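The structure file run_7.txt is reproduced below (compact mmCIF, C-alpha atoms).
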# COMPACT_ATOMS: atom_id res chain seq x y z
CA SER A 2 -2.27 28.76 1.97
CA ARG A 3 -2.52 27.07 5.37
CA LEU A 4 0.23 24.67 6.46
CA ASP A 5 -1.41 22.68 9.27
CA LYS A 6 -0.64 18.96 9.55
CA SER A 7 -4.28 18.29 8.63
CA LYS A 8 -4.33 20.63 5.61
CA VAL A 9 -1.03 19.26 4.32
CA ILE A 10 -2.23 15.62 4.58
CA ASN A 11 -5.55 16.40 2.87
CA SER A 12 -3.85 18.25 -0.01
CA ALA A 13 -1.48 15.30 -0.38
CA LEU A 14 -4.44 12.82 -0.47
CA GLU A 15 -6.17 15.03 -3.09
CA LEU A 16 -2.92 15.18 -5.08
CA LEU A 17 -2.53 11.41 -4.61
CA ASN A 18 -5.89 10.90 -6.36
CA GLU A 19 -4.77 13.11 -9.26
CA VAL A 20 -1.19 11.96 -9.97
CA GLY A 21 -0.58 8.68 -8.14
CA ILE A 22 2.24 7.58 -5.86
CA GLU A 23 5.08 7.84 -8.43
CA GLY A 24 3.89 11.25 -9.61
CA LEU A 25 3.65 12.55 -6.03
CA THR A 26 6.60 14.74 -5.03
CA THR A 27 7.09 17.48 -2.45
CA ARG A 28 7.61 19.96 -5.34
CA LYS A 29 4.07 19.41 -6.68
CA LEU A 30 2.65 19.39 -3.15
CA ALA A 31 4.30 22.81 -2.56
CA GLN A 32 2.86 24.08 -5.87
CA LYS A 33 -0.58 22.66 -4.98
CA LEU A 34 -0.53 24.50 -1.67
CA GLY A 35 0.85 27.65 -3.32
CA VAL A 36 3.89 28.09 -1.13
CA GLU A 37 7.67 28.15 -1.76
CA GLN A 38 9.46 24.82 -1.45
CA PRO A 39 11.57 25.91 1.54
CA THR A 40 8.37 26.94 3.38
CA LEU A 41 7.00 23.42 2.88
CA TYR A 42 10.34 21.82 3.87
CA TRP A 43 9.96 23.24 7.43
CA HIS A 44 6.76 21.15 7.70
CA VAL A 45 7.42 18.10 5.50
CA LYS A 46 11.08 17.09 5.15
CA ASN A 47 10.64 14.63 2.25
CA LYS A 48 8.41 12.28 0.24
CA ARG A 49 9.08 9.38 2.66
CA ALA A 50 7.77 11.43 5.59
CA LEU A 51 4.71 12.38 3.53
CA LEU A 52 4.02 8.78 2.52
CA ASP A 53 4.18 7.49 6.11
CA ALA A 54 1.62 10.10 7.23
CA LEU A 55 -0.59 9.23 4.26
CA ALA A 56 -0.62 5.49 5.14
CA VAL A 57 -1.61 6.26 8.73
CA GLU A 58 -4.32 8.66 7.58
CA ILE A 59 -5.77 6.34 4.93
CA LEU A 60 -6.27 3.62 7.55
CA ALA A 61 -7.28 5.87 10.45
CA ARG A 62 -9.89 7.53 8.24
CA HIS A 63 -11.51 4.40 6.74
CA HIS A 64 -10.29 1.18 8.34
CA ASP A 65 -13.03 1.39 10.97
CA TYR A 66 -13.37 -2.36 11.70
CA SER A 67 -9.80 -2.81 12.98
CA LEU A 68 -10.69 -4.19 16.44
CA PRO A 69 -13.13 -7.03 17.29
CA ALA A 70 -16.48 -5.95 18.74
CA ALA A 71 -16.78 -7.49 22.22
CA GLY A 72 -18.66 -10.79 21.98
CA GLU A 73 -18.14 -11.52 18.30
CA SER A 74 -16.84 -14.68 16.64
CA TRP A 75 -13.26 -14.77 15.39
CA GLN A 76 -14.71 -15.77 12.00
CA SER A 77 -16.89 -12.69 11.95
CA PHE A 78 -13.94 -10.57 13.04
CA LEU A 79 -11.50 -11.73 10.33
CA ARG A 80 -14.27 -11.31 7.74
CA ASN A 81 -15.42 -7.78 8.69
CA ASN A 82 -11.79 -6.78 9.29
CA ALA A 83 -10.58 -7.90 5.86
CA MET A 84 -13.53 -6.14 4.24
CA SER A 85 -12.70 -2.89 6.05
CA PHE A 86 -9.06 -3.19 5.14
CA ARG A 87 -9.98 -3.72 1.47
CA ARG A 88 -12.49 -0.83 1.26
CA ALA A 89 -9.99 1.48 2.98
CA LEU A 90 -7.17 0.49 0.60
CA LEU A 91 -9.43 1.06 -2.43
CA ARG A 92 -10.54 4.56 -1.35
CA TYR A 93 -7.40 6.21 -2.80
CA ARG A 94 -5.38 5.77 -5.98
CA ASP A 95 -2.41 3.46 -5.33
CA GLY A 96 -3.68 3.14 -1.74
CA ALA A 97 -2.29 -0.39 -1.47
CA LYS A 98 1.16 0.76 -2.63
CA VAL A 99 1.19 3.61 -0.10
CA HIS A 100 0.36 1.08 2.62
CA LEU A 101 2.78 -1.56 1.32
CA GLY A 102 5.75 0.80 1.33
CA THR A 103 5.43 2.15 4.87
CA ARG A 104 6.53 0.37 8.04
CA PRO A 105 3.97 0.16 10.90
CA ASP A 106 3.88 2.64 13.80
CA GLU A 107 2.76 2.52 17.45
CA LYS A 108 -0.93 2.85 16.51
CA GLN A 109 -0.89 -0.30 14.35
CA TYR A 110 1.13 -2.34 16.87
CA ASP A 111 -1.43 -1.82 19.64
CA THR A 112 -4.14 -2.78 17.16
CA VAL A 113 -2.19 -5.90 16.20
CA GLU A 114 -1.63 -6.66 19.90
CA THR A 115 -5.40 -6.60 20.57
CA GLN A 116 -6.26 -8.90 17.64
CA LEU A 117 -3.60 -11.42 18.78
CA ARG A 118 -4.94 -11.43 22.32
CA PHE A 119 -8.36 -11.84 20.71
CA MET A 120 -7.22 -14.79 18.59
CA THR A 121 -5.55 -16.65 21.48
CA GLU A 122 -8.52 -16.02 23.78
CA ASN A 123 -10.57 -17.92 21.19
CA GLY A 124 -8.38 -21.00 21.34
CA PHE A 125 -5.65 -19.87 18.96
CA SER A 126 -1.97 -20.65 19.47
CA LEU A 127 0.21 -17.49 19.15
CA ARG A 128 1.83 -18.63 15.90
CA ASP A 129 -1.34 -19.99 14.33
CA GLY A 130 -3.22 -16.83 15.33
CA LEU A 131 -0.40 -14.76 13.86
CA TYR A 132 -0.48 -16.86 10.66
CA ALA A 133 -4.27 -16.41 10.47
CA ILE A 134 -4.09 -12.63 10.68
CA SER A 135 -1.15 -12.53 8.23
CA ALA A 136 -2.76 -14.76 5.62
CA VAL A 137 -5.82 -12.50 5.63
CA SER A 138 -3.68 -9.40 5.09
CA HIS A 139 -1.56 -11.01 2.35
CA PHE A 140 -4.63 -12.19 0.46
CA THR A 141 -6.44 -8.86 0.84
CA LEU A 142 -3.34 -6.93 -0.28
CA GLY A 143 -2.73 -9.11 -3.32
CA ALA A 144 -6.40 -8.89 -4.33
CA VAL A 145 -6.45 -5.10 -3.93
CA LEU A 146 -3.13 -4.61 -5.77
CA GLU A 147 -4.33 -6.80 -8.64
CA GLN A 148 -7.40 -4.60 -8.95
CA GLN A 149 -5.87 -1.11 -8.58
CA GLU A 150 -3.21 -2.09 -11.07
CA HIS A 151 -5.71 -3.22 -13.72
CA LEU A 166 -9.05 -15.40 -26.26
CA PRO A 167 -9.22 -19.14 -25.36
CA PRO A 168 -12.62 -20.98 -24.85
CA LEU A 169 -13.07 -21.74 -21.13
CA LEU A 170 -11.35 -18.44 -20.25
CA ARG A 171 -13.60 -16.39 -22.54
CA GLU A 172 -16.60 -18.13 -21.02
CA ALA A 173 -15.46 -17.62 -17.43
CA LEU A 174 -13.94 -14.15 -17.96
CA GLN A 175 -17.37 -12.53 -18.26
CA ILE A 176 -18.18 -13.36 -14.61
CA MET A 177 -14.90 -11.86 -13.27
CA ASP A 178 -15.21 -8.72 -15.40
CA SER A 179 -18.85 -7.85 -14.61
CA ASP A 180 -17.70 -7.02 -11.07
CA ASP A 181 -14.97 -5.01 -9.37
CA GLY A 182 -13.50 -8.27 -8.06
CA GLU A 183 -15.49 -8.24 -4.82
CA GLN A 184 -17.16 -11.62 -5.45
CA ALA A 185 -13.95 -13.56 -6.06
CA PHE A 186 -12.45 -11.87 -3.01
CA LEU A 187 -15.34 -12.73 -0.67
CA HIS A 188 -15.37 -16.28 -1.97
CA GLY A 189 -11.66 -16.74 -1.27
CA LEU A 190 -12.01 -15.07 2.12
CA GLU A 191 -14.61 -17.68 3.16
CA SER A 192 -12.41 -20.51 1.91
CA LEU A 193 -9.52 -19.08 3.90
CA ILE A 194 -11.57 -18.69 7.08
CA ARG A 195 -12.89 -22.29 6.81
CA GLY A 196 -9.39 -23.72 6.43
CA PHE A 197 -8.57 -22.07 9.75
CA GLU A 198 -11.66 -23.57 11.42
CA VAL A 199 -10.62 -27.04 10.22
CA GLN A 200 -7.18 -26.30 11.66
CA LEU A 201 -8.31 -24.73 14.95
CA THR A 202 -10.71 -27.55 15.82
CA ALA A 203 -8.16 -30.24 14.85
CA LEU A 204 -5.58 -29.71 17.60
CA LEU A 205 -3.25 -32.74 17.89
CA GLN A 206 -5.19 -34.97 15.44
CA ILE A 207 -4.16 -35.85 11.88
CA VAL A 208 -6.30 -33.65 9.67
CA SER B 2 28.41 -4.89 -27.03
CA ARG B 3 25.92 -7.39 -28.47
CA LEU B 4 22.28 -6.35 -28.92
CA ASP B 5 20.45 -9.68 -29.22
CA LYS B 6 17.03 -10.02 -27.60
CA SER B 7 18.59 -12.52 -25.19
CA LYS B 8 21.59 -10.34 -24.29
CA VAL B 9 19.40 -7.28 -23.80
CA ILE B 10 16.99 -9.17 -21.47
CA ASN B 11 19.85 -10.65 -19.42
CA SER B 12 21.57 -7.27 -19.00
CA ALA B 13 18.23 -5.81 -17.93
CA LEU B 14 17.72 -8.63 -15.35
CA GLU B 15 21.29 -8.04 -14.05
CA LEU B 16 20.58 -4.29 -13.88
CA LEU B 17 17.22 -5.07 -12.22
CA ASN B 18 19.09 -6.84 -9.40
CA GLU B 19 21.38 -3.83 -8.96
CA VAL B 20 19.00 -0.83 -9.11
CA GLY B 21 15.43 -2.09 -8.80
CA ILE B 22 12.35 -1.39 -10.90
CA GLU B 23 12.15 2.38 -10.23
CA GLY B 24 15.86 2.85 -10.87
CA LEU B 25 15.68 0.89 -14.13
CA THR B 26 15.62 3.13 -17.22
CA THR B 27 16.59 2.64 -20.85
CA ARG B 28 19.39 5.23 -20.34
CA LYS B 29 21.15 3.07 -17.73
CA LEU B 30 20.51 -0.08 -19.77
CA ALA B 31 22.21 1.63 -22.77
CA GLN B 32 25.14 2.65 -20.53
CA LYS B 33 25.34 -0.90 -19.09
CA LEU B 34 25.54 -2.35 -22.58
CA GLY B 35 27.99 0.36 -23.69
CA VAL B 36 26.05 1.62 -26.67
CA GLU B 37 24.52 4.99 -27.66
CA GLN B 38 20.90 5.52 -26.65
CA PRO B 39 19.63 5.71 -30.25
CA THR B 40 21.30 2.36 -30.99
CA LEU B 41 19.36 0.80 -28.10
CA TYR B 42 16.11 2.54 -29.17
CA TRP B 43 16.10 0.51 -32.43
CA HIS B 44 15.88 -2.63 -30.25
CA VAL B 45 13.96 -1.50 -27.15
CA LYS B 46 11.52 1.38 -27.68
CA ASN B 47 10.87 2.16 -23.99
CA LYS B 48 10.83 1.03 -20.34
CA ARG B 49 7.31 -0.44 -20.71
CA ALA B 50 8.47 -2.71 -23.54
CA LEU B 51 11.47 -3.76 -21.43
CA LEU B 52 9.32 -4.50 -18.38
CA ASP B 53 6.89 -6.70 -20.34
CA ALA B 54 9.77 -8.81 -21.69
CA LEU B 55 11.25 -9.05 -18.20
CA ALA B 56 7.98 -10.37 -16.69
CA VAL B 57 7.73 -13.05 -19.40
CA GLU B 58 11.37 -14.02 -18.92
CA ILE B 59 11.21 -14.16 -15.11
CA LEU B 60 8.32 -16.63 -15.30
CA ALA B 61 9.51 -18.60 -18.32
CA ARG B 62 12.91 -19.06 -16.68
CA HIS B 63 11.77 -20.16 -13.19
CA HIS B 64 8.03 -20.80 -12.98
CA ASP B 65 8.54 -24.43 -14.00
CA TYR B 66 5.46 -25.91 -12.27
CA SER B 67 2.90 -23.91 -14.28
CA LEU B 68 0.95 -26.89 -15.69
CA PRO B 69 -0.44 -29.92 -13.78
CA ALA B 70 1.49 -33.17 -14.22
CA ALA B 71 -0.88 -35.72 -15.78
CA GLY B 72 -2.50 -37.78 -13.02
CA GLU B 73 -1.97 -35.42 -10.10
CA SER B 74 -4.47 -34.13 -7.57
CA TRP B 75 -5.81 -30.59 -7.94
CA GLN B 76 -4.64 -30.02 -4.34
CA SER B 77 -1.13 -31.06 -5.25
CA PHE B 78 -1.27 -28.89 -8.35
CA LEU B 79 -2.36 -25.66 -6.62
CA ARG B 80 0.28 -26.29 -3.93
CA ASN B 81 3.27 -26.98 -6.21
CA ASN B 82 2.09 -24.23 -8.57
CA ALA B 83 1.90 -21.56 -5.88
CA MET B 84 5.32 -22.60 -4.59
CA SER B 85 6.82 -22.28 -8.08
CA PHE B 86 5.17 -18.93 -8.60
CA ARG B 87 6.56 -17.68 -5.27
CA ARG B 88 10.13 -18.94 -5.83
CA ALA B 89 10.12 -17.44 -9.34
CA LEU B 90 8.86 -14.06 -8.08
CA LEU B 91 11.53 -14.00 -5.35
CA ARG B 92 14.44 -14.74 -7.72
CA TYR B 93 14.77 -11.07 -8.77
CA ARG B 94 14.64 -7.75 -6.95
CA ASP B 95 11.13 -6.26 -7.21
CA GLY B 96 10.15 -9.38 -9.18
CA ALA B 97 6.58 -9.19 -7.88
CA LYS B 98 6.26 -5.55 -8.97
CA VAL B 99 7.56 -6.36 -12.46
CA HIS B 100 4.94 -9.11 -12.70
CA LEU B 101 2.18 -7.01 -11.14
CA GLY B 102 2.60 -4.16 -13.61
CA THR B 103 2.51 -6.15 -16.84
CA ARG B 104 -0.61 -7.46 -18.56
CA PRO B 105 -0.61 -11.17 -19.59
CA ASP B 106 0.33 -12.36 -23.09
CA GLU B 107 -0.60 -15.36 -25.27
CA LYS B 108 1.80 -17.68 -23.40
CA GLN B 109 0.09 -17.09 -20.03
CA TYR B 110 -3.44 -17.36 -21.47
CA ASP B 111 -2.83 -20.86 -22.84
CA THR B 112 -1.35 -21.80 -19.46
CA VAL B 113 -4.42 -20.37 -17.71
CA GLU B 114 -6.67 -22.21 -20.20
CA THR B 115 -5.05 -25.56 -19.31
CA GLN B 116 -5.37 -25.07 -15.54
CA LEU B 117 -9.07 -24.14 -15.93
CA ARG B 118 -9.75 -27.23 -18.02
CA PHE B 119 -7.83 -29.11 -15.33
CA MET B 120 -9.93 -27.63 -12.52
CA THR B 121 -13.28 -28.35 -14.20
CA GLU B 122 -12.21 -31.89 -15.13
CA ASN B 123 -11.76 -32.45 -11.39
CA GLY B 124 -15.31 -31.45 -10.56
CA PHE B 125 -14.85 -27.68 -10.48
CA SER B 126 -17.43 -25.23 -11.78
CA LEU B 127 -15.86 -22.64 -14.15
CA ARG B 128 -16.33 -19.74 -11.73
CA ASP B 129 -15.30 -21.65 -8.63
CA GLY B 130 -12.26 -23.04 -10.46
CA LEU B 131 -11.43 -19.52 -11.61
CA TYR B 132 -11.87 -18.20 -8.04
CA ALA B 133 -9.61 -21.00 -6.75
CA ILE B 134 -6.78 -20.18 -9.12
CA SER B 135 -7.21 -16.43 -8.48
CA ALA B 136 -7.22 -16.69 -4.70
CA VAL B 137 -3.96 -18.64 -4.86
CA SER B 138 -2.33 -15.97 -7.03
CA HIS B 139 -3.62 -13.07 -4.89
CA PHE B 140 -2.37 -14.68 -1.69
CA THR B 141 1.01 -15.62 -3.20
CA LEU B 142 1.46 -12.10 -4.63
CA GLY B 143 0.57 -10.35 -1.39
CA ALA B 144 2.88 -12.64 0.59
CA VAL B 145 5.78 -12.10 -1.84
CA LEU B 146 5.24 -8.31 -2.01
CA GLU B 147 5.15 -8.10 1.78
CA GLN B 148 8.49 -9.89 1.90
CA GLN B 149 10.39 -8.13 -0.94
CA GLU B 150 9.26 -4.81 0.46
CA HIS B 151 10.54 -5.52 3.98
CA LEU B 166 7.17 -3.63 21.35
CA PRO B 167 3.96 -5.08 22.88
CA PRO B 168 3.94 -8.46 24.83
CA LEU B 169 2.18 -11.11 22.70
CA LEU B 170 3.64 -9.53 19.54
CA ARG B 171 7.20 -9.57 20.88
CA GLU B 172 6.70 -13.19 21.88
CA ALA B 173 5.22 -14.23 18.54
CA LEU B 174 7.44 -11.98 16.38
CA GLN B 175 10.49 -14.18 16.96
CA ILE B 176 8.85 -17.08 15.05
CA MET B 177 7.96 -14.93 12.00
CA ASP B 178 11.39 -13.28 11.88
CA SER B 179 13.55 -16.43 12.16
CA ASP B 180 12.34 -17.36 8.67
CA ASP B 181 11.98 -15.73 5.26
CA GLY B 182 8.20 -16.01 5.62
CA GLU B 183 7.97 -19.43 3.96
CA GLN B 184 6.34 -21.12 6.98
CA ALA B 185 3.48 -18.64 7.34
CA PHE B 186 2.95 -18.83 3.58
CA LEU B 187 2.79 -22.65 3.44
CA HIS B 188 0.47 -22.69 6.42
CA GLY B 189 -1.94 -20.24 4.79
CA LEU B 190 -1.71 -22.10 1.49
CA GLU B 191 -2.91 -25.31 3.18
CA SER B 192 -5.75 -23.46 4.88
CA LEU B 193 -6.75 -22.00 1.54
CA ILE B 194 -6.63 -25.35 -0.25
CA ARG B 195 -8.75 -27.01 2.50
CA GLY B 196 -11.43 -24.33 2.28
CA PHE B 197 -11.76 -25.22 -1.40
CA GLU B 198 -12.08 -28.94 -0.60
CA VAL B 199 -14.89 -28.18 1.87
CA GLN B 200 -16.49 -26.11 -0.89
CA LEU B 201 -15.93 -28.56 -3.78
CA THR B 202 -17.33 -31.55 -1.92
CA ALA B 203 -20.33 -29.55 -0.62
CA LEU B 204 -22.18 -28.96 -3.90
CA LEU B 205 -25.82 -27.93 -3.25
CA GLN B 206 -25.74 -28.55 0.54
CA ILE B 207 -25.61 -25.89 3.27
CA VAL B 208 -22.01 -25.86 4.43

Show me this structure written as structure tokens.
Amino acid sequence: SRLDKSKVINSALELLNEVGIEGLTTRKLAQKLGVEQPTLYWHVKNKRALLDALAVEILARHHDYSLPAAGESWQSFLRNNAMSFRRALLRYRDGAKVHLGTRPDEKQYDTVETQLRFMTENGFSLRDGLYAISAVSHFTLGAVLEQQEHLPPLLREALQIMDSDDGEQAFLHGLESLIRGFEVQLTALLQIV
Amino acid sequence: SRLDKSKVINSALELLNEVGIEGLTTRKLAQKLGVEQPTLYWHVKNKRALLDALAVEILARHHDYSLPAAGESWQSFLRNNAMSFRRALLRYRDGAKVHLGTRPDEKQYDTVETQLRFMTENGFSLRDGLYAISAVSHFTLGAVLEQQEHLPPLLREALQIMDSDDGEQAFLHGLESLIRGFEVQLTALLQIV
């Protein structure tokens, strides 16, 4: 079996879809690849190192709308961006947990740097622009984690709407509400709003 | 050592703070209590059963603002409620993960039922009221999980503001933005907003 960075990562992603993040160990990866554990150790030192590479790969392979298209509205950006982030996180089993547990690397920081410059350039104060980008992530993460991880009157009645969908509707609705609140805040400046 | 539902739960919460959710097993709970594993088994059948009780207890013991105080604004409710939920989730190590992994019980459903009746009574459509309550949870969960789980120019400059706080500011800012977006939606009805 071939032990190239690419092949290792892909086998790990395949294994991720089969056993999940808790059930993913270097032992099983070695057995999946059909190679002795010490052979694998030379390439991947531990589960932590494997996870970090997985998080990078998950995003790099599906989070395609990470940077604002030149001449686009900040609203449009935050919307498309959150949608990309969500789709990417849903592509793999426990994808959100893999992402949640890893710290960001150089690639993500330059991406974050761009978006911040983008926010400010559109009339956003550094902190408020930071808070905008953060709130979107937090809300997208919580929504995705709720999903991947999973009677009274009004609740029975309402429940049918939530259930007959993968949760996309509720998410998109909340996203809009979040984006609007920022508009109301952006265009308020020093006035009492 | 005493094996009363209360004593077991408290020991488990104490152990939770020491070893975390992954490091929490019935074996260690039995050793903490100073009793043979089969003695404990009679009381707690497995880790899943222990987790479910922990989630209920965490909330029941700290999520005090779960129901709207008679004669309060829906805005005030969602705000105080989200704050209570956050504080409660932060009280214990991996508190968000304990909550995330358990399915709701009768206690939570009646609480959810009340809040929905409360939302509708304030001019909210069942689905929109559901979406409002859900978006708040998702955002609070993602914010809390980000926290419990954890250089370019603009980012270095902004980073100092985020870091000199436990993340409460950013959270409260996003909460307000979320609540406003709902106002704009509630008071829009059948108009193009």

Practice item. Go through B:37, B:180, B:122, B:129 and flag the residue nearest chain A, using all atoms listed in the file for the distances. Key: B:129

Practice item. Record the distance separating CA of residue 86 (chain A) and CA of residue 85 (chain B), expressed in Å with one decimal. Key: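 Straight-line distance from CA of residue 86 (chain A) to CA of residue 85 (chain B) works out to 28.1 Å.
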
Point to revise | Nearby residues (all atoms listed in the file) at most 8 Å from residue 48 (chain A), same-chain spacing under 5 positions excluded, as a list in words | key: residues 25, 26 and 27 of chain A

Please, could you write that set of residues out with C-alpha atoms as a PDB file, in the frame of the given file?
ATOM      1  CA  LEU A  25       3.650  12.550  -6.030  1.00  0.00           C
ATOM      2  CA  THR A  26       6.600  14.740  -5.030  1.00  0.00           C
ATOM      3  CA  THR A  27       7.090  17.480  -2.450  1.00  0.00           C
TER       4      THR A  27
END

Review point. Quick one: which residues from chain A are at most 8 Å off chain B, using all atoms listed in the file, as JSON, numbers by chain?
Key: {"A": [101, 102, 110, 111, 113, 114, 117, 118, 127, 128, 131, 132, 133, 135, 136, 138, 139, 140, 141, 142, 143, 144, 146, 147, 150, 166, 167, 168, 169, 170, 173, 176, 185, 186, 188, 189, 191, 192, 193, 194, 195, 196, 197, 199, 200]}

Check your understanding: Rounded to one decimal in Å, what is the spacing between CA of residue 6 (chain B) and CA of residue 44 (chain B)?
Key -> 7.9 Å

Check your understanding: Out of B:93, B:182, B:61, B:149, which residue has the shortest atom-to-atom distance to residue 14 (chain B) when counting only C-alpha atoms?
Key ->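 Counting only C-alpha atoms, the residue closest to residue 14 (chain B) is B:93.
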